[PDB]
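So this one's my_file_26.pdb, PDB, N, CA and C atoms:
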```
ATOM      1  N   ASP J  53     -11.883  45.542 -29.464
ATOM      2  CA  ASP J  53     -12.673  44.758 -30.409
ATOM      3  C   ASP J  53     -13.918  45.509 -30.861
ATOM      4  N   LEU J  54     -14.519  46.285 -29.959
ATOM      5  CA  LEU J  54     -15.717  47.041 -30.302
ATOM      6  C   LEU J  54     -15.520  47.880 -31.558
ATOM      7  N   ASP J  55     -14.290  48.319 -31.824
ATOM      8  CA  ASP J  55     -14.009  49.133 -33.001
ATOM      9  C   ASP J  55     -13.759  48.265 -34.230
ATOM     10  N   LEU J  56     -12.869  47.285 -34.089
ATOM     11  CA  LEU J  56     -12.465  46.476 -35.226
ATOM     12  C   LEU J  56     -13.590  45.578 -35.715
ATOM     13  N   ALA J  57     -14.603  45.327 -34.885
ATOM     14  CA  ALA J  57     -15.761  44.572 -35.350
ATOM     15  C   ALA J  57     -16.507  45.335 -36.437
ATOM     16  N   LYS J  58     -16.860  46.593 -36.170
ATOM     17  CA  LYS J  58     -17.473  47.397 -37.219
ATOM     18  C   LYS J  58     -16.507  47.633 -38.367
ATOM     19  N   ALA J  59     -15.215  47.764 -38.067
ATOM     20  CA  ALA J  59     -14.231  47.882 -39.137
ATOM     21  C   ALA J  59     -14.370  46.733 -40.127
ATOM     22  N   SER J  60     -14.340  45.500 -39.618
ATOM     23  CA  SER J  60     -14.408  44.330 -40.485
ATOM     24  C   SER J  60     -15.770  44.201 -41.150
ATOM     25  N   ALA J  61     -16.846  44.568 -40.451
ATOM     26  CA  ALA J  61     -18.165  44.515 -41.074
ATOM     27  C   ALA J  61     -18.233  45.444 -42.277
ATOM     28  N   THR J  62     -17.739  46.670 -42.118
ATOM     29  CA  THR J  62     -17.799  47.638 -43.203
ATOM     30  C   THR J  62     -16.911  47.205 -44.360
ATOM     31  N   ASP J  63     -15.697  46.742 -44.057
ATOM     32  CA  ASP J  63     -14.790  46.338 -45.123
ATOM     33  C   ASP J  63     -15.255  45.067 -45.822
ATOM     34  N   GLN J  64     -16.066  44.246 -45.156
ATOM     35  CA  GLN J  64     -16.696  43.115 -45.826
ATOM     36  C   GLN J  64     -17.801  43.588 -46.761
ATOM     37  N   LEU J  65     -18.673  44.464 -46.262
ATOM     38  CA  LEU J  65     -19.755  44.966 -47.096
ATOM     39  C   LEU J  65     -19.209  45.645 -48.346
ATOM     40  N   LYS J  66     -18.117  46.402 -48.208
ATOM     41  CA  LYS J  66     -17.498  47.022 -49.377
ATOM     42  C   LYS J  66     -17.227  45.990 -50.462
ATOM     43  N   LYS J  67     -16.504  44.928 -50.100
ATOM     44  CA  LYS J  67     -16.122  43.909 -51.067
ATOM     45  C   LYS J  67     -17.353  43.276 -51.696
ATOM     46  N   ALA J  68     -18.391  43.056 -50.889
ATOM     47  CA  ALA J  68     -19.630  42.515 -51.432
ATOM     48  C   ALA J  68     -20.190  43.434 -52.509
ATOM     49  N   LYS J  69     -20.333  44.720 -52.181
ATOM     50  CA  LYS J  69     -20.892  45.671 -53.137
ATOM     51  C   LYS J  69     -20.071  45.703 -54.416
ATOM     52  N   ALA J  70     -18.751  45.570 -54.291
ATOM     53  CA  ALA J  70     -17.890  45.647 -55.467
ATOM     54  C   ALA J  70     -18.088  44.444 -56.382
ATOM     55  N   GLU J  71     -17.938  43.235 -55.841
ATOM     56  CA  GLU J  71     -17.886  42.082 -56.734
ATOM     57  C   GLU J  71     -19.272  41.600 -57.156
ATOM     58  N   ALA J  72     -20.320  41.860 -56.374
ATOM     59  CA  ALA J  72     -21.659  41.640 -56.911
ATOM     60  C   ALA J  72     -21.879  42.489 -58.155
ATOM     61  N   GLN J  73     -21.442  43.747 -58.106
ATOM     62  CA  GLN J  73     -21.631  44.629 -59.245
ATOM     63  C   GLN J  73     -20.768  44.223 -60.426
ATOM     64  N   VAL J  74     -19.580  43.659 -60.191
ATOM     65  CA  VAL J  74     -18.846  43.140 -61.345
ATOM     66  C   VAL J  74     -19.521  41.897 -61.915
ATOM     67  N   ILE J  75     -20.192  41.097 -61.081
ATOM     68  CA  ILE J  75     -21.003  40.001 -61.609
ATOM     69  C   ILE J  75     -22.052  40.539 -62.573
ATOM     70  N   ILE J  76     -22.821  41.527 -62.120
ATOM     71  CA  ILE J  76     -23.917  42.029 -62.943
ATOM     72  C   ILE J  76     -23.378  42.708 -64.198
ATOM     73  N   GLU J  77     -22.236  43.386 -64.089
ATOM     74  CA  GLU J  77     -21.637  44.026 -65.256
ATOM     75  C   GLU J  77     -21.208  42.993 -66.290
ATOM     76  N   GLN J  78     -20.521  41.942 -65.843
ATOM     77  CA  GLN J  78     -20.068  40.935 -66.789
ATOM     78  C   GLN J  78     -21.245  40.221 -67.424
ATOM     79  N   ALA J  79     -22.361  40.101 -66.704
ATOM     80  CA  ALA J  79     -23.528  39.485 -67.321
ATOM     81  C   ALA J  79     -23.949  40.240 -68.573
ATOM     82  N   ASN J  80     -23.920  41.572 -68.525
ATOM     83  CA  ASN J  80     -24.347  42.363 -69.671
ATOM     84  C   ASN J  80     -23.273  42.441 -70.743
ATOM     85  N   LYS J  81     -21.997  42.404 -70.361
ATOM     86  CA  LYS J  81     -20.952  42.294 -71.377
ATOM     87  C   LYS J  81     -21.094  40.986 -72.149
ATOM     88  N   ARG J  82     -21.329  39.890 -71.427
ATOM     89  CA  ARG J  82     -21.574  38.606 -72.068
ATOM     90  C   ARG J  82     -22.783  38.684 -72.983
ATOM     91  N   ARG J  83     -23.858  39.321 -72.510
ATOM     92  CA  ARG J  83     -24.976  39.600 -73.398
ATOM     93  C   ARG J  83     -24.473  40.221 -74.690
ATOM     94  N   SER J  84     -23.809  41.374 -74.592
ATOM     95  CA  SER J  84     -23.422  42.107 -75.793
ATOM     96  C   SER J  84     -22.649  41.216 -76.758
ATOM     97  N   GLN J  85     -21.691  40.443 -76.240
ATOM     98  CA  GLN J  85     -20.962  39.519 -77.107
ATOM     99  C   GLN J  85     -21.924  38.576 -77.814
ATOM    100  N   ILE J  86     -22.870  38.010 -77.063
ATOM    101  CA  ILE J  86     -23.765  36.999 -77.614
ATOM    102  C   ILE J  86     -24.676  37.610 -78.672
ATOM    103  N   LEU J  87     -25.223  38.788 -78.382
ATOM    104  CA  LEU J  87     -26.167  39.427 -79.290
ATOM    105  C   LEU J  87     -25.492  39.883 -80.575
ATOM    106  N   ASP J  88     -24.260  40.383 -80.494
ATOM    107  CA  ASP J  88     -23.596  40.791 -81.725
ATOM    108  C   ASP J  88     -23.148  39.582 -82.535
ATOM    109  N   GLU J  89     -22.732  38.503 -81.869
ATOM    110  CA  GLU J  89     -22.500  37.268 -82.604
ATOM    111  C   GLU J  89     -23.777  36.786 -83.283
ATOM    112  N   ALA J  90     -24.930  36.989 -82.646
ATOM    113  CA  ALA J  90     -26.191  36.647 -83.293
ATOM    114  C   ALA J  90     -26.433  37.518 -84.515
ATOM    115  N   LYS J  91     -26.042  38.792 -84.451
ATOM    116  CA  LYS J  91     -26.117  39.642 -85.640
ATOM    117  C   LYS J  91     -25.293  39.058 -86.781
ATOM    118  N   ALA J  92     -24.066  38.636 -86.476
ATOM    119  CA  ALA J  92     -23.201  38.088 -87.518
ATOM    120  C   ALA J  92     -23.797  36.815 -88.105
ATOM    121  N   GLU J  93     -24.293  35.922 -87.243
ATOM    122  CA  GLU J  93     -24.904  34.691 -87.734
ATOM    123  C   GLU J  93     -26.122  34.994 -88.595
ATOM    124  N   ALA J  94     -26.911  35.994 -88.201
ATOM    125  CA  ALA J  94     -28.076  36.382 -88.985
ATOM    126  C   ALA J  94     -27.673  36.812 -90.388
ATOM    127  N   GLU J  95     -26.673  37.687 -90.486
ATOM    128  CA  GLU J  95     -26.259  38.138 -91.808
ATOM    129  C   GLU J  95     -25.727  36.973 -92.627
ATOM    130  N   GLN J  96     -24.887  36.136 -92.016
ATOM    131  CA  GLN J  96     -24.324  35.008 -92.746
ATOM    132  C   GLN J  96     -25.425  34.110 -93.289
ATOM    133  N   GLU J  97     -26.472  33.878 -92.499
ATOM    134  CA  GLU J  97     -27.561  33.030 -92.970
ATOM    135  C   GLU J  97     -28.283  33.675 -94.142
ATOM    136  N   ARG J  98     -28.568  34.972 -94.035
ATOM    137  CA  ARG J  98     -29.210  35.658 -95.148
ATOM    138  C   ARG J  98     -28.397  35.502 -96.426
ATOM    139  N   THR J  99     -27.067  35.561 -96.315
ATOM    140  CA  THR J  99     -26.238  35.466 -97.516
ATOM    141  C   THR J  99     -26.441  34.143 -98.242
ATOM    142  N   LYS J 100     -26.710  33.062 -97.509
ATOM    143  CA  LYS J 100     -26.968  31.787 -98.168
ATOM    144  C   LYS J 100     -28.398  31.711 -98.680
ATOM    145  N   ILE J 101     -29.360  32.103 -97.848
ATOM    146  CA  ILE J 101     -30.749  31.935 -98.252
ATOM    147  C   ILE J 101     -31.051  32.745 -99.499
ATOM    148  N   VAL J 102     -30.355  33.863 -99.707
ATOM    149  CA  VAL J 102     -30.612  34.625-100.926
ATOM    150  C   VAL J 102     -29.967  33.953-102.127
ATOM    151  N   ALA J 103     -28.719  33.510-101.995
ATOM    152  CA  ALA J 103     -28.061  32.870-103.127
ATOM    153  C   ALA J 103     -28.788  31.599-103.536
ATOM    154  N   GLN J 104     -29.479  30.959-102.594
ATOM    155  CA  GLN J 104     -30.227  29.753-102.923
ATOM    156  C   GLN J 104     -31.291  30.002-103.982
TER     157      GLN J 104
ATOM    158  N   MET E   1     -18.796  39.126  36.091
ATOM    159  CA  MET E   1     -18.570  39.461  37.526
ATOM    160  C   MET E   1     -19.569  40.504  38.008
ATOM    161  N   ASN E   2     -19.243  41.778  37.819
ATOM    162  CA  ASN E   2     -20.007  42.875  38.394
ATOM    163  C   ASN E   2     -20.784  43.612  37.312
ATOM    164  N   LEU E   3     -22.081  43.813  37.547
ATOM    165  CA  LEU E   3     -22.826  44.779  36.752
ATOM    166  C   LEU E   3     -22.172  46.144  36.881
ATOM    167  N   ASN E   4     -22.336  46.971  35.855
ATOM    168  CA  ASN E   4     -21.666  48.258  35.854
ATOM    169  C   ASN E   4     -22.423  49.248  34.986
ATOM    170  N   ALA E   5     -22.295  50.529  35.336
ATOM    171  CA  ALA E   5     -22.857  51.590  34.514
ATOM    172  C   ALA E   5     -22.160  51.700  33.170
ATOM    173  N   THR E   6     -21.048  50.987  32.988
ATOM    174  CA  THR E   6     -20.457  50.846  31.665
ATOM    175  C   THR E   6     -21.482  50.383  30.642
ATOM    176  N   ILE E   7     -22.533  49.697  31.100
ATOM    177  CA  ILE E   7     -23.492  49.066  30.200
ATOM    178  C   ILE E   7     -24.257  50.099  29.375
ATOM    179  N   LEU E   8     -24.394  51.330  29.874
ATOM    180  CA  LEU E   8     -24.967  52.400  29.060
ATOM    181  C   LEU E   8     -23.903  53.066  28.195
ATOM    182  N   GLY E   9     -22.779  53.441  28.804
ATOM    183  CA  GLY E   9     -21.733  54.104  28.048
ATOM    184  C   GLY E   9     -21.354  53.335  26.804
ATOM    185  N   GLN E  10     -21.414  52.005  26.874
ATOM    186  CA  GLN E  10     -21.047  51.228  25.703
ATOM    187  C   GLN E  10     -22.110  51.315  24.624
ATOM    188  N   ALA E  11     -23.381  51.468  24.994
ATOM    189  CA  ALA E  11     -24.394  51.731  23.976
ATOM    190  C   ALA E  11     -24.171  53.093  23.338
ATOM    191  N   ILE E  12     -23.777  54.076  24.148
ATOM    192  CA  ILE E  12     -23.510  55.406  23.617
ATOM    193  C   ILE E  12     -22.353  55.362  22.626
ATOM    194  N   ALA E  13     -21.306  54.593  22.940
ATOM    195  CA  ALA E  13     -20.185  54.453  22.013
ATOM    196  C   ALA E  13     -20.576  53.625  20.792
ATOM    197  N   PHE E  14     -21.407  52.607  20.998
ATOM    198  CA  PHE E  14     -21.796  51.702  19.929
ATOM    199  C   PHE E  14     -22.579  52.425  18.844
ATOM    200  N   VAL E  15     -23.662  53.110  19.219
ATOM    201  CA  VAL E  15     -24.484  53.735  18.185
ATOM    202  C   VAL E  15     -23.705  54.806  17.436
ATOM    203  N   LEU E  16     -22.721  55.431  18.084
ATOM    204  CA  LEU E  16     -21.895  56.415  17.394
ATOM    205  C   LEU E  16     -20.942  55.748  16.411
ATOM    206  N   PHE E  17     -20.280  54.669  16.830
ATOM    207  CA  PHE E  17     -19.457  53.940  15.875
ATOM    208  C   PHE E  17     -20.298  53.341  14.758
ATOM    209  N   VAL E  18     -21.599  53.167  14.988
ATOM    210  CA  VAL E  18     -22.498  52.756  13.915
ATOM    211  C   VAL E  18     -22.717  53.906  12.944
ATOM    212  N   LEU E  19     -23.077  55.077  13.470
ATOM    213  CA  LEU E  19     -23.356  56.214  12.605
ATOM    214  C   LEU E  19     -22.145  56.572  11.760
ATOM    215  N   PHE E  20     -20.949  56.518  12.347
ATOM    216  CA  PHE E  20     -19.765  56.936  11.604
ATOM    217  C   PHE E  20     -19.459  56.012  10.434
ATOM    218  N   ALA E  21     -20.060  54.824  10.398
ATOM    219  CA  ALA E  21     -19.935  53.928   9.256
ATOM    220  C   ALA E  21     -21.147  53.994   8.337
ATOM    221  N   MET E  22     -22.323  54.269   8.895
ATOM    222  CA  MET E  22     -23.554  54.167   8.121
ATOM    223  C   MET E  22     -23.557  55.153   6.960
ATOM    224  N   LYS E  23     -23.602  56.446   7.266
ATOM    225  CA  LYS E  23     -23.787  57.461   6.238
ATOM    226  C   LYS E  23     -22.486  57.904   5.586
ATOM    227  N   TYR E  24     -21.342  57.354   5.992
ATOM    228  CA  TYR E  24     -20.063  57.897   5.553
ATOM    229  C   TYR E  24     -19.017  56.870   5.144
ATOM    230  N   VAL E  25     -19.249  55.565   5.308
ATOM    231  CA  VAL E  25     -18.240  54.578   4.928
ATOM    232  C   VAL E  25     -18.782  53.577   3.917
ATOM    233  N   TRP E  26     -19.926  52.967   4.220
ATOM    234  CA  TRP E  26     -20.391  51.881   3.359
ATOM    235  C   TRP E  26     -20.920  52.386   2.026
ATOM    236  N   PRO E  27     -21.740  53.431   1.962
ATOM    237  CA  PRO E  27     -22.240  53.873   0.662
ATOM    238  C   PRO E  27     -21.088  54.207  -0.266
ATOM    239  N   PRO E  28     -20.104  54.998   0.180
ATOM    240  CA  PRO E  28     -18.925  55.200  -0.677
ATOM    241  C   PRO E  28     -18.250  53.899  -1.062
ATOM    242  N   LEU E  29     -17.986  53.031  -0.082
ATOM    243  CA  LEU E  29     -17.193  51.842  -0.360
ATOM    244  C   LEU E  29     -17.863  50.975  -1.411
ATOM    245  N   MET E  30     -19.150  50.693  -1.233
ATOM    246  CA  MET E  30     -19.830  49.811  -2.169
ATOM    247  C   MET E  30     -20.153  50.510  -3.481
ATOM    248  N   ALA E  31     -20.362  51.829  -3.475
ATOM    249  CA  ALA E  31     -20.643  52.513  -4.729
ATOM    250  C   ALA E  31     -19.418  52.521  -5.631
ATOM    251  N   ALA E  32     -18.244  52.797  -5.057
ATOM    252  CA  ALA E  32     -17.033  52.769  -5.863
ATOM    253  C   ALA E  32     -16.809  51.386  -6.448
ATOM    254  N   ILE E  33     -17.363  50.358  -5.808
ATOM    255  CA  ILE E  33     -17.229  49.003  -6.325
ATOM    256  C   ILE E  33     -18.321  48.709  -7.338
ATOM    257  N   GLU E  34     -19.485  49.339  -7.186
ATOM    258  CA  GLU E  34     -20.555  49.170  -8.163
ATOM    259  C   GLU E  34     -20.152  49.754  -9.506
ATOM    260  N   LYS E  35     -19.449  50.885  -9.476
ATOM    261  CA  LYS E  35     -18.897  51.430 -10.712
ATOM    262  C   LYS E  35     -18.070  50.379 -11.441
ATOM    263  N   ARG E  36     -17.192  49.692 -10.713
ATOM    264  CA  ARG E  36     -16.352  48.679 -11.337
ATOM    265  C   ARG E  36     -17.176  47.477 -11.771
ATOM    266  N   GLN E  37     -18.126  47.061 -10.935
ATOM    267  CA  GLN E  37     -18.989  45.943 -11.284
ATOM    268  C   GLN E  37     -19.640  46.175 -12.636
ATOM    269  N   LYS E  38     -20.196  47.368 -12.836
ATOM    270  CA  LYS E  38     -20.728  47.709 -14.149
ATOM    271  C   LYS E  38     -19.634  47.672 -15.205
ATOM    272  N   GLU E  39     -18.491  48.295 -14.917
ATOM    273  CA  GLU E  39     -17.494  48.493 -15.962
ATOM    274  C   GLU E  39     -16.898  47.189 -16.463
ATOM    275  N   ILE E  40     -17.026  46.101 -15.710
ATOM    276  CA  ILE E  40     -16.668  44.793 -16.249
ATOM    277  C   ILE E  40     -17.897  44.081 -16.803
ATOM    278  N   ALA E  41     -19.092  44.476 -16.360
ATOM    279  CA  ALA E  41     -20.317  43.917 -16.917
ATOM    280  C   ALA E  41     -20.557  44.418 -18.334
ATOM    281  N   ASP E  42     -20.185  45.667 -18.609
ATOM    282  CA  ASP E  42     -20.488  46.261 -19.906
ATOM    283  C   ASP E  42     -19.686  45.619 -21.030
ATOM    284  N   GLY E  43     -18.474  45.141 -20.738
ATOM    285  CA  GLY E  43     -17.635  44.602 -21.794
ATOM    286  C   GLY E  43     -18.323  43.495 -22.565
ATOM    287  N   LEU E  44     -19.100  42.669 -21.865
ATOM    288  CA  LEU E  44     -19.802  41.581 -22.531
ATOM    289  C   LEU E  44     -20.858  42.118 -23.486
ATOM    290  N   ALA E  45     -21.677  43.069 -23.034
ATOM    291  CA  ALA E  45     -22.654  43.666 -23.938
ATOM    292  C   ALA E  45     -21.984  44.444 -25.062
ATOM    293  N   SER E  46     -20.805  45.016 -24.807
ATOM    294  CA  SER E  46     -20.083  45.711 -25.867
ATOM    295  C   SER E  46     -19.684  44.739 -26.967
ATOM    296  N   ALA E  47     -19.002  43.655 -26.595
ATOM    297  CA  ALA E  47     -18.648  42.650 -27.587
ATOM    298  C   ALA E  47     -19.890  41.999 -28.177
ATOM    299  N   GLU E  48     -20.994  41.977 -27.433
ATOM    300  CA  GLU E  48     -22.223  41.384 -27.942
ATOM    301  C   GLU E  48     -22.775  42.202 -29.098
ATOM    302  N   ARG E  49     -22.846  43.520 -28.922
ATOM    303  CA  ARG E  49     -23.262  44.378 -30.023
ATOM    304  C   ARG E  49     -22.248  44.332 -31.159
ATOM    305  N   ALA E  50     -20.958  44.226 -30.830
ATOM    306  CA  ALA E  50     -19.939  44.110 -31.871
ATOM    307  C   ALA E  50     -20.131  42.838 -32.689
ATOM    308  N   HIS E  51     -20.590  41.771 -32.036
ATOM    309  CA  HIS E  51     -20.834  40.497 -32.700
ATOM    310  C   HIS E  51     -22.091  40.567 -33.561
ATOM    311  N   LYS E  52     -23.172  41.096 -32.987
ATOM    312  CA  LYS E  52     -24.411  41.273 -33.732
ATOM    313  C   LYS E  52     -24.194  42.117 -34.977
TER     314      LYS E  52
END
```
Could you render the structure as structure tokens?
Amino acid sequence: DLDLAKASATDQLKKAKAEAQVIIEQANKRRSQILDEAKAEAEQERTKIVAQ
Amino acid sequence: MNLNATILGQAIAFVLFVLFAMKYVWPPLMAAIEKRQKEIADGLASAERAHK
């Protein structure tokens, strides 16, 4: 057990490091989607305000 | 029954049978067991560090 205890601790920490980082990565991908959609909405609004 | 000069000879035999156990039987016997006493005592601290 003295061996497999550290085995499981290390293999747990690995998974933590992996999926926390995918959380943070997806947060910024979601950002990018939101910000570029905001670009599109901005242009669309300008198109109306000028024609007005 | 009868007092006898055996009463000294038996002290001479006694202290010798004492010496032959003192410096040459008990320290080995109990030390070889102390090794084992530790070696089963350590397992708990081993799993304890494994748990921590």
*Mind listing as a VMD selection string which residues of chain E are within 12 Å of chain J, counting only C-alpha atoms?*
chain E and resid 42 to 52
Exercise for review: Kindly give the distance, in Å, that separates atom C of residue 96 in chain J and CA of residue 79 in chain J, rounded to a single decimal.
Suggested key: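 Here the two named atoms are 26.6 Å from each other.
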request  = Just the alpha helix (DSSP H) stuff from chain E, please, per backbone DSSP, written as a ChimeraX atom specification.
outcome  = /E:6-22,26-51
As a check of understanding: the span from atom C of residue 94 in chain J to CA of residue 77 in chain J is 26.8 Å
Exercise. Could you tell me how far CA of residue 23 in chain E lies from CA of residue 37 in chain E, in Å and to one decimal?
Key: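 Straight-line distance from CA of residue 23 in chain E to CA of residue 37 in chain E works out to 21.5 Å.
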